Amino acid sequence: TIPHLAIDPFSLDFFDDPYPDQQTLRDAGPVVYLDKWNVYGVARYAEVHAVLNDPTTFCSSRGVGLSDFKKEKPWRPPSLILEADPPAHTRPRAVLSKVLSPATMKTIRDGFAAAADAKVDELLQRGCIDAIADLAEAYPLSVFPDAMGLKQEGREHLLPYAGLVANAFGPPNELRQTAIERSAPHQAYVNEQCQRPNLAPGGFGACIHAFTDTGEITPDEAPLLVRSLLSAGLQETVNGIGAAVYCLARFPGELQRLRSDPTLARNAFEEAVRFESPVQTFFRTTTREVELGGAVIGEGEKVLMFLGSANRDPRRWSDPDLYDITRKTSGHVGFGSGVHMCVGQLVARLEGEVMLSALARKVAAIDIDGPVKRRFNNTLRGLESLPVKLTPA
């Protein structure tokens, strides 16, 4: 009944151009079986959205990677939020939500915007830049570690650790094996940065430890929570910003619309998140036998959600492969959906907005003038190098 496909969604060939294979997965049926890894797959928006919003049946506590924690040991202690189900998920989720709250954005918005403006002014003095290293990477590195309260030393560990964590959600392929092999120095920096004496007062990390007397998290749970904010977000935001710059360069009519109305910057970044979906995939594990798209999925089965494919499903989006900064982006699953929907989404949107805002007000043209290189990761899609020439406004 269920179609069996041999597509490996974690192969380098798939990463190099996922979009044709994503259509094949969608059109094969609402639910597919991936013989390569013995997991079910859902690639349409309807089934992806439904799975994400049923956390009891499609749980996260048995891991959101390929590995089933009931069968294998997690490669690191489980995240108290990403790899937890309600009700254990609820109160730690509440703390991170309040730590990355609307009122917190109000405190950091001015500095994030001023740093974004200064960075763009700096790159314009140079003209020809790498939009990844010099912009998409440089800006989030210039604001997010400081907002976290991290020391100045050791920040070179942040992006390698983030990519390690992301690769480890994948199947036991070479990308995952080589990741976990290299984890040793990075996890030790992360170790020490999650401890309260090591986080600057006022930052995200200190605010997590200050929440340890409310009854929502204990003091011994705070280091793992700080780890969450060191294991997620930075690379995605970098990838999402680099995606927006790339799209503004390839869809030049959209930059002209952005220049003429800079208040489109927030939706311009949201549409970049939908268009590229920095987080391509996540797994769930069925806790019971369940019917999904006329399919019967047994207990203890891994279900692979193609978020990027759901964000390009023509059953849900008009012209899904086009970057449109005035598209109604509401409902895209680039940040997930339901109880686990990205708790850091306001931080990512703020960083993305003020960068695209600085570009909208200061840049006239963005022209690719060099070879574009892609970075491969079991979970994340993003560019490694994007040589562009920035023309000032």
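When you see a residue number, it is the position in the sequence shown, counting from 1.
- For the pair 276-284 and 194-202, the record assigns the higher mean C-alpha temperature factor to 194-202.
- Set 207-215 against 116-124 and average the Cα temperature factors; 116-124 ends up higher.
- The entry lists C-alpha B-factors for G63, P55, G41, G352, and the highest of these is at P55.
- In this entry, the residue among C342, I366, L356, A348 with the greatest C-alpha B factor is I366.
- When the CA B factors of the chain's modelled residues are split into thirds, the value for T326 lands in the middle one.
- In the deposited entry, the Cα temperature factor of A50 places it in the highest third of its chain's modelled residues.
- Remark: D21 belongs to the lowest third of its chain, ranked by C-alpha B-factor as recorded.
- The PDB entry assigns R91 a C-alpha temperature factor belonging to the lowest third of its chain's modelled residues.
- In the deposited entry, the Cα temperature factor of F251 places it in the highest third of its chain's modelled residues.
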